[PDB]
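Colleague: You'll find query-v3.tsv just under this line, and it carries TSV, C-alpha atoms.
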chain	number	residue	atom	x	y	z
A	1	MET	CA	-13.51	239.47	174.48
A	2	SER	CA	-14.02	237.35	171.37
A	3	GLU	CA	-10.52	236.32	170.29
A	4	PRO	CA	-10.40	238.98	167.54
A	5	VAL	CA	-6.76	238.06	166.99
A	6	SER	CA	-8.01	235.06	165.03
A	7	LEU	CA	-8.70	237.59	162.29
A	8	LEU	CA	-5.08	238.69	161.93
A	9	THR	CA	-4.99	242.41	161.20
A	10	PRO	CA	-2.55	245.38	161.34
A	11	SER	CA	-4.73	247.06	163.95
A	12	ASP	CA	-2.90	244.74	166.34
A	13	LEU	CA	0.08	243.25	164.53
A	14	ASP	CA	2.58	245.67	166.05
A	15	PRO	CA	6.35	245.40	166.71
A	16	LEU	CA	5.78	245.91	170.43
A	17	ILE	CA	3.50	242.90	170.78
A	18	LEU	CA	5.87	240.88	168.61
A	19	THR	CA	8.89	241.62	170.79
A	20	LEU	CA	6.80	240.88	173.87
A	21	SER	CA	5.90	237.39	172.67
A	22	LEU	CA	9.52	236.72	171.76
A	23	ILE	CA	10.69	237.55	175.28
A	24	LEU	CA	7.91	235.39	176.73
A	25	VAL	CA	8.95	232.41	174.61
A	26	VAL	CA	12.56	232.84	175.70
A	27	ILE	CA	11.53	232.84	179.36
A	28	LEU	CA	9.38	229.74	178.89
A	29	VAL	CA	12.40	227.93	177.46
A	30	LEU	CA	14.66	229.13	180.26
A	31	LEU	CA	12.25	227.96	182.96
A	32	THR	CA	12.04	224.50	181.39
A	33	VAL	CA	15.81	224.19	181.05
A	34	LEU	CA	16.19	225.18	184.70
A	35	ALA	CA	13.57	222.62	185.70
A	36	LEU	CA	15.37	219.77	183.93
A	37	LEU	CA	18.63	220.86	185.54
A	38	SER	CA	17.11	220.79	189.02
A	39	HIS	CA	15.70	217.30	188.49
A	40	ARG	CA	19.00	215.97	187.15
A	41	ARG	CA	20.85	217.54	190.08
A	42	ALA	CA	18.47	215.86	192.53
A	43	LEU	CA	19.01	212.44	190.97
A	44	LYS	CA	22.75	212.92	191.39
A	45	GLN	CA	22.46	214.18	194.96
A	46	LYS	CA	20.41	211.10	195.83
A	47	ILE	CA	22.93	208.65	194.39
A	48	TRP	CA	25.67	210.94	195.67
A	49	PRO	CA	24.88	212.39	199.13
Render the structure in this file as structure tokens.

Modeller:
Amino acid sequence: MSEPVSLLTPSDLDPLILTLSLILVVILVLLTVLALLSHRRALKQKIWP
């Protein structure tokens, strides 16, 4: 409720939260990659019905 994380402390820095962020980052990258693929596919479909 005040962005206490900006203090950086062990009371939060846990392995669970770390792994969680990692998975989130991986998903964010996967979504983007899939988005670019869809766009590229569309461009091809247009010039190649």

Colleague: Tell me, in Å to one decimal, how far atom CA of residue 20 of chain A is from atom CA of residue 37 of chain A.

Modeller: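 Rounded to one decimal, the two atoms are 26.0 Å apart.
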
Colleague: Between atom CA of residue 39 of chain A and atom CA of residue 24 of chain A, what distance in Å does the model show, to one decimal?

Modeller: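 For atom CA of residue 39 of chain A relative to atom CA of residue 24 of chain A, the distance reads 22.9 Å.
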
Colleague: Report, in Å with one decimal, the straight-line distance from atom CA of residue 5 of chain A to atom CA of residue 19 of chain A.

Modeller: 16.5 Å
